[PDB]
Each structure stands twice: as C-alpha cells, then as structure tokens.
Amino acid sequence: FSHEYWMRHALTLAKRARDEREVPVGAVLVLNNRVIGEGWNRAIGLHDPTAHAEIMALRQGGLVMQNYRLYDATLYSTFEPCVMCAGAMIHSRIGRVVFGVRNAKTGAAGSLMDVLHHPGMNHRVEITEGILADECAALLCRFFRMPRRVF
C-alpha cells in the first residue's frame, strides 16, 4: 500500500463529485495502512460551505474512531487544502497530508500561505506533494475550463 495506491482510491471518490456537478476533489483518511474515512466535494448539492472532500473524510474518521482527534493519521486528497480544510487537520492532529496538484492561487499548504507549518500553532502536520499530480490536474482543468499547463 504505497502513496500512489491510496491516491488511486481518492481519485475514485473525486469522480463521484465530478458526476454531482461539484469540484472534482476526493479525499481518503488512512490510519496504519487502513481506510477510516472517505470524502468528496458536495458543497453545491448539499448547500454546505464546508462540504469539501477533506472535511467529509475527517467527519467520517471521527465517527468510526469515536474521537474527533485522529492522531498519526494520513489523509490522501487530490487538491491542495484550503484555509478551512487545513485548519481541520490542526484540530484533528493528523500526521501527514498527501495532495496531488497545488492550488497556486489560494493554496494554504505552502502556496499562498502555510498554516500547517506555522511556528505559533500547537501542532505541525507534514506535507507531501506531487503524488499522482498528473491525474489530479486533469480533473480540475476540465472543471474550471483551464489548460493542464497552469498546474
């Protein structure tokens, strides 16, 4: 079970959000090489500003583990987390975040800002990028009607 193996599962959930006319982003929560949470974007269909892929995966992980704090967990998302999504990882105290393509415009994981690696914060989450970034950019490109070169 490599990072690309778990990313292939997150890409499957991202296709479900694409069929629901949402942002094609998928997220899966892994703890000790096992899935504990799944999530995909459902903001437009559910009228929820927090119905992102990573939030729904974090919401599901807290229910199965019966604890809103998920220590030493690794989340596999297809997009760079936003300020809202990155803030939930600090509250969940997860271990590592693996995203594919970077949001060079409003990214909160080292692009526009870096809240996951802030010194004044109480928790530090490691970041790993470039995992299956070719297949993650192809979905977001057709959604925003953008070329694959901006990624």
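Sequential numbering from 1, following the sequence displayed.
Set 15-23 against 128-136 and average the Cα temperature factors; 128-136 ends up higher.
In this entry, the higher average B-factor at the C-alpha atoms falls on 26-34, of the pair 26-34 and 78-86. The PDB entry assigns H91 a C-alpha temperature factor belonging to the lowest third of its chain's modelled residues. Placement of the Cα temperature factor of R102 within the chain: highest third of the modelled residues, per the deposited record. In the deposited entry, the Cα temperature factor of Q60 places it in the lowest third of its chain's modelled residues. Among all modelled residues in this chain, the alpha-carbon of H47 has a temperature factor (C-alpha) in the middle third. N41: CA B factor in the lowest third of modelled residues in this chain (values from the PDB entry).
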